[PDB]
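Below you will find one chain, with nothing else, as structure tokens; this is the form deposited in one PDB entry, and questions on how it binds or moves follow later.
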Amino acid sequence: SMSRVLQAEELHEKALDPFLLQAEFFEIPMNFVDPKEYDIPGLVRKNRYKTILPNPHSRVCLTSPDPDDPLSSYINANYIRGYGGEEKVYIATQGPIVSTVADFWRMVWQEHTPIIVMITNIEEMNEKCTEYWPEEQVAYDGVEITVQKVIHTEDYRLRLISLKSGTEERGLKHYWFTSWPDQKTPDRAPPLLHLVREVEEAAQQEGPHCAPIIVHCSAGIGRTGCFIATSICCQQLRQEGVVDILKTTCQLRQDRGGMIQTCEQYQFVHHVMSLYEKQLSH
């Protein structure tokens, strides 16, 4: 809808102009949905935040266990377009609560999701996100989840997970990013960039027609939108030699209201992209 193409020199200077950044950010509509789109008894138990709801045109619908029941088919999640408008590249969702853990795994299974990206600090667990993976092994709703290995790196922990239901078995990579900064300054950008690059490479290893990548922290809009926006813009930078963070933010919000929730998040994405542009200039 809106658009501000940035070439390299404008990108680095823009990252350093908080006044222009807030002027631009606070012109972008949030595109939140009216809670009356979802007048469904008991729905509020499936939502972590009662006012942050999935926009109806792009929402994910669970067809298990009862497609004919709007409560059991509801999950707070939206399909997100990727670079170039590609459909269903990501799913942005809230961090599961106790009552929607099983719903989350049903979504993973139904969508064939190969990658989950979680952006929740250790100090924030079981407040901003229920721990929804086992130590070893659990089953929800006929899907056996088994954590086959844990790889601790500086910026994140990667869990290789097996999913079995009946005579089917699938792999899953769970990236748990633990380096989200309270201070969104440039010296905190690199970990997020490496996380983006690592996931791009993992996604490419899945081959053609990759299934949706799930991204969440808590509400599925703020940090989630930052991760997705950076991923989209890294591709745009490599392919077009420019970034359009404003357009990308608008695209995100068209898919899920509220993506990139604060001005400090928006400036952070500019810092990350400024960093990447420099790297790419060797």
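All residue numbers are counted from 1 along the displayed sequence.
Below, we refer to the form solved in complex with a small molecule, which is not included among the displayed structures.
None of 175 to 183, 145 to 153, 131 to 139, 98 to 106 except one has non-hydrogen atoms within 4.5 angstroms of the small molecule in the deposited bound form; the exception is 175 to 183.
Not one of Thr51, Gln94 and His216 is positioned with any heavy atom within 4.5 Å of the small molecule in the deposited bound form. Checked against the small molecule in the deposited bound form, the residues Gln110, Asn121, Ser165, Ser162 give one hit for a heavy atom within 4.5 Å, which is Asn121. Using a 4.5 angstroms threshold between heavy atoms, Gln265 counts as touching the small molecule in the deposited bound form. Although the partner is absent from this view, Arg188 contacts the small molecule in the deposited bound form, with a non-hydrogen atom inside 4.5 angstroms.
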